[PDB]
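Beneath this line is the structure, given in structure tokens, with notes to follow.
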Amino acid sequence: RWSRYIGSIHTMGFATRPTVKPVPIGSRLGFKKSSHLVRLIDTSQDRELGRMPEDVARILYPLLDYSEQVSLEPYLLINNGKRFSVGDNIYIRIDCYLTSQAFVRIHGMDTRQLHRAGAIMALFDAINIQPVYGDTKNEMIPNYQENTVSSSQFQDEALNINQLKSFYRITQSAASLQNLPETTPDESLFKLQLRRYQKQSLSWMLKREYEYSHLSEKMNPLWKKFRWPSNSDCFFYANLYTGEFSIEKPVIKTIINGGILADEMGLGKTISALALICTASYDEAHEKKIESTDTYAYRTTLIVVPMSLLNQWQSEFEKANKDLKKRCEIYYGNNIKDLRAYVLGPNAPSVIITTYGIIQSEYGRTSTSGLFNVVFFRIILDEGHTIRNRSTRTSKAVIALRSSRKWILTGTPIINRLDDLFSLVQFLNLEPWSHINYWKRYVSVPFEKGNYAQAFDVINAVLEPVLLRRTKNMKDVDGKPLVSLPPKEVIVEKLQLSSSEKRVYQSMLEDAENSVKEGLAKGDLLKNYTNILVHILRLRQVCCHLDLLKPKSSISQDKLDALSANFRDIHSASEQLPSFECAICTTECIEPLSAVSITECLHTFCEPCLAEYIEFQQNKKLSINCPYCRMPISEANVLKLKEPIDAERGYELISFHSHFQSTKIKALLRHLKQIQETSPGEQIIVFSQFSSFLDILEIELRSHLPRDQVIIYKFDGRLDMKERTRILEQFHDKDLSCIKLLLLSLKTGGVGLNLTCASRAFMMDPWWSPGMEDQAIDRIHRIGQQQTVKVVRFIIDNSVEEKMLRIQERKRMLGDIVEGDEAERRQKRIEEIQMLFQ
Ligand SMILES: [Hg+2]
Ligand SMILES: [Hg+2]
Ligand SMILES: [Hg+2]
């Protein structure tokens, strides 16, 4: 035990009790603890003398609780040789000492610990003691107290795209990261070729797991160094954030296993994670411990991944893994009966891939089968910004997962709020920042009160040792960008027509071929040139959508989800089995459940009873109304329960009749549903030459995609200029919470339309000229762009569209307009038709 002085405070006090004999100048005063009123007493008279000012009482009052930790010895400064009157000023010098009972003495007690760390921090501000810096440019300042540091210009927790690009500009702009060593995995266990940056992330990820056995022979930003005073060793160290002090320099190494791998999309995060698994797939230290002399899955790596990427991960693992001894399986649909026994058993798989929705579903119903009665070896979250909402069942589920090593693979750790990082920290369990009180007191509140640079330094301080972030725009040591971004990548995706679509396309081909046989049997093929191109056009329309030749349900998937929610709310589980009445025959219990017919307004019928009503009302051509409440019920809006009934989900309302989706719209939706989780905020452009096809696409896309995650913009081309630019205005509005689609016509192209924000293009149909399609795509990419423009061309296999592509290939070889008289032009007209029908 010892004591030591660190600073003094000079302040006047207001007299409370008069003094008969004036107090000595060097009076050894004291502080008694009882808008805050801390009392100033003396040691001789044992009476009260004064009340301190408010701004000084706020500093003294909480410090008196830590008496053994920080003692305050106030001395008297001026004696006017007079009895203290009622209101005289008491000039005091408060000598502040530090006792070893605070120094190096380090149940949900965050409030007790922050109150100390804060009162101590306010004490330092009063005595105006500052740390020592040792670099050429000075680092961060001490974080200030509550309702201080010039709090002004209140800012919301939600972030601007400008505000967000400023956050990245500091965490991705760490020190030189181009000198990270390259770890190359041997081809005995891994059959892919990592890039230069991928070998760096592997070495860093192995370093983060402290796997030094796979490296080739390869302080404390929050703490700061203070200096003792010398009036009334020469250094000490402290962390004002937690109130912890240490006589020696605390070089506490990194503690958590793993980290966050944030990288711009296109740097191969998935491949780097796989290289990590193929290098270290089990806890070697645990294996030796158990045999040299339980719920730990010391050999299994759990990968939680979006649903739309569940099969790609299984695929990419098989394409990369060479060691057959380590197996990889997908946990989905309760396929593994006792997963707890599986991952702990002798045949434990090395990798298990599953969905957040599976993690969410098993957390809610208290699934003791697995995933939560087992501590995994390594958890890897792909697109980890899913858990960014602290209050959703999915986040609570992920945070409940236990593992020795944790990884977060996300290209965008912050979507639209600063505290999206908190759950990333809460997952990694970074004490004390996993605790919410530590986060809201040192990051949230200072940010919410406009002192944002203060919060960004704290954020950048905790994530720097744990987060690694590289950018495709970064330069290597040789002088090259990490990724050579081409202007565009165009890919032809061949599709095959549905069973119904082929029968239509084959019928239209007869009329096309028959018209060729007519003109050819009349001595001149061009005599039916106009009549031929008509049938060729109809074939082209059949490829896009059959409705382009000449009832549709009026309920979107968002509405069905809402109707299903209400239906499960009306018919809730209870002691007895679930039963459904019928509005026509008053049957208390409809059997079977597949015979239940539910109207647009959620009223239950027997499927024959409702059908009999509709047939009877349609045979008399009378407006259809619900037999129960007399509301407009459309026949296409009749609903039924999905068969079978999912026990984990409940009743699901699907359309009674089925509706037709063309092969191309089915394929586009297949892409879009995957881009949502692949890359947040992306602007996609959808080209088609047929305007009515764009009208169909708008209706189908908005019906099959959630509104809060996919926003559809369609350029009517028949609107005033201010609205058209207002559409582009909202289309260039980058929103990482959704993806934006611009449906515009290939005919007009992008003439006078800025389309630079687009990262992806979808060509829904080909045209006679390659120039028009090329010109539309070429107005999206501009040199000096962050992302290459990914283009997909949907072409119906063995159809006219495949033929038109061959015509374009001809034009590119010769030209679009190679002039010539009507003698040379007939040959081109004939050859084009031959190329269409061969
Ligand atoms: Hg019925
Ligand atoms: Hg009804
Ligand atoms: Hg050809």
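Computed values, structure above
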| item | result |
| --- | --- |
| Test: residue in segment 807-826 that is within 42 Å of the chain's Cα centre (by Cα) and part of a helix (DSSP H, G or I) | yes |
| Odd one out for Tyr282, checked against (1) out of contact with any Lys or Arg (no Cβ under 6 Å at 6 or more places or on another chain); (2) surrounded by fewer than 22 Cβ atoms within 10 Å (Cβ to Cβ) | (1) |
| Helices (runs of 4 or more DSSP H) contained in segment 103-219 and holding at least 1 residues in the same structural domain as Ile277 (by TED's automatic domain parsing) and loosely packed, with under 13 Cβ neighbours inside 10 Å | 161-171 |
| Residues that are in contact with a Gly (Cβ under 9 Å, 6 or more places away or on another chain) and under 14 Å from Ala297 (Cα atoms), drawn from segment 323-351 | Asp338, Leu339, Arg340, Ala341, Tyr342, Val343 |
| Within segment 590-609, considering residues that are more than 11 Å from ligand 1 (Cβ to nearest atom) and out of contact with any helix residue (DSSP H, G or I) (no Cβ under 6 Å at 6 or more places or on another chain), the one farthest from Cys626 (Cα to Cα) | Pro592 |
| Leading residue by the ranking (nearest to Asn128 (Cα to Cα)) among those in segment 16-47 that are among the small types (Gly, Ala, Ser) and within 60 Å of the chain's Cα centre (by Cα) | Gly30 |
| Matching option when the condition is in the same structural domain as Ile696 (by TED's automatic domain parsing), under 18 Å from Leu694 (Cα atoms), away from ligand 1 (no atom under 16 Å from the Cβ) and not aromatic (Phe, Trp, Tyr), among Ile777, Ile817 | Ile777 |
| Among (1) in the same structural domain as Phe687 (by TED's automatic domain parsing); (2) within 16 Å of ligand 1 (Cβ to nearest atom), the one test that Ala667 misses | (2) |
| Residue in segment 649-664 that is of a type outside the set (S, T, N, Q), within 16 Å of ligand 2 (Cβ to nearest atom) and crowded, with 17+ Cβ neighbours inside 10 Å present | yes |
| Unique match (being in a loop (DSSP other than H, G, I, E, B) and either touching a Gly at 6+ places or on another chain (Cβ under 9 Å) or more than 20 Å from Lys673 (Cβ to Cβ) (or both)) among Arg718, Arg724 | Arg718 |
| Of all residues making up segment 636-648, the number that are crowded, with 16+ Cβ neighbours inside 10 Å and over 26 Å from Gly357 (Cβ atoms) | 2 |
| Test result for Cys589, in contact with a strand residue (DSSP E or B) (Cβ under 8 Å, 6 or more places away or on another chain), surrounded by fewer than 16 Cβ atoms within 10 Å (Cβ to Cβ), more than 30 Å from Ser703 (Cβ to Cβ) and not polar (S, T, N, Q) | no |
| Restricting segment 810-837 to residues that are within 15 Å of ligand 3 (Cβ to nearest atom) and out of contact with any helix residue (DSSP H, G or I) (no Cβ under 8 Å at 6 or more places or on another chain), the residue that is nearest to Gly519 (Cα to Cα) | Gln834 |
| Yes/no for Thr293 being under 29 Å from the mean Cα position of the chain (by Cα), more than 30 Å from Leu123 (Cβ to Cβ) and in the same structural domain as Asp420 (by TED's automatic domain parsing) | no |
| Unmet criterion (only one of (1) under 30 Å from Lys714 (Cβ atoms); (2) out of contact with any helix residue (DSSP H, G or I) (no Cβ under 8 Å at 6 or more places or on another chain); (3) not β-branched (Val, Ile, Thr)) for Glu612 | (1) |
| Filter result for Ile614 (touching a strand residue (DSSP E or B) at 6+ places or on another chain (Cβ under 8 Å) and either within 16 Å of ligand 1 (Cβ to nearest atom) or closer than 15 Å to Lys640 by Cα (or both)) | no |
| Selection status of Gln689, among the polar types (S, T, N, Q), over 21 Å from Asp558 (Cα atoms), buried (at least 18 other Cβ atoms within 10 Å of the Cβ) and over 27 Å from the mean Cα position of the chain (by Cα) | yes |
| Counted residues, segment 321-343 - those being hydrophobic (A, V, I, L, M, F, W, C), assigned to a helix (DSSP H, G or I) and surrounded by fewer than 20 Cβ atoms within 10 Å (Cβ to Cβ) | 1 |
| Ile358 in a strand (DSSP E or B) and in the same structural domain as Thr301 (by TED's automatic domain parsing) | no |
| Candidate set: segment 779-806, residues that are among the aliphatic types (A, V, I, L, M) and in a loop (DSSP other than H, G, I, E, B); chosen: the one surrounded by the most Cβ atoms within 10 Å (Cβ to Cβ) | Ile780 |
| Unmet criterion (only one of (1) under 54 Å from the mean Cα position of the chain (by Cα); (2) part of a loop (DSSP other than H, G, I, E, B)) for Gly81 | (1) |
| Boolean, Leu371 is in a loop (DSSP other than H, G, I, E, B), of a type in the set (A, V, I, L, M, F, W, C) and surrounded by fewer than 22 Cβ atoms within 10 Å (Cβ to Cβ) | no |
| Residue in segment 752-775 that is aromatic (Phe, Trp, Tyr), away from ligand 2 (no atom under 16 Å from the Cβ) and in a loop (DSSP other than H, G, I, E, B) present | yes |
| Segment 571-594 residues that are over 16 Å from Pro608 (Cα atoms), paired with ones that are in a loop (DSSP other than H, G, I, E, B) and within 16 Å of ligand 2 (Cβ to nearest atom) (beta carbon under 6 Å, 6 or more apart) | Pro578/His571 |
| Residues that are surrounded by fewer than 20 Cβ atoms within 10 Å (Cβ to Cβ) and out of contact with any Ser or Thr (no Cβ under 7 Å at 6 or more places or on another chain), drawn from segment 310-319 | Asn311, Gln312, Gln314, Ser315, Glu318, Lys319 |
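Okay, residues lined up against (1) surrounded by fewer than 21 Cβ atoms within 10 Å (Cβ to Cβ); (2) hydrophobic (A, V, I, L, M, F, W, C); (3) not assigned by TED's automatic domain parsing to the domain that holds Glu809:
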position: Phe731; (1), (2), (3): no, yes, no
position: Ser737; (1), (2), (3): yes, no, no
position: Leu743; (1), (2), (3): no, yes, no
position: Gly749; (1), (2), (3): yes, no, no
position: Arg760; (1), (2), (3): no, no, no
position: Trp768; (1), (2), (3): yes, yes, no
position: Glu773; (1), (2), (3): no, no, no
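We place every Cβ from the backbone using ideal geometry, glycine too, and count neighbours over all the protein chains shown. All of this is worked out from the model, or read from it or from the source named; these are not laboratory values.
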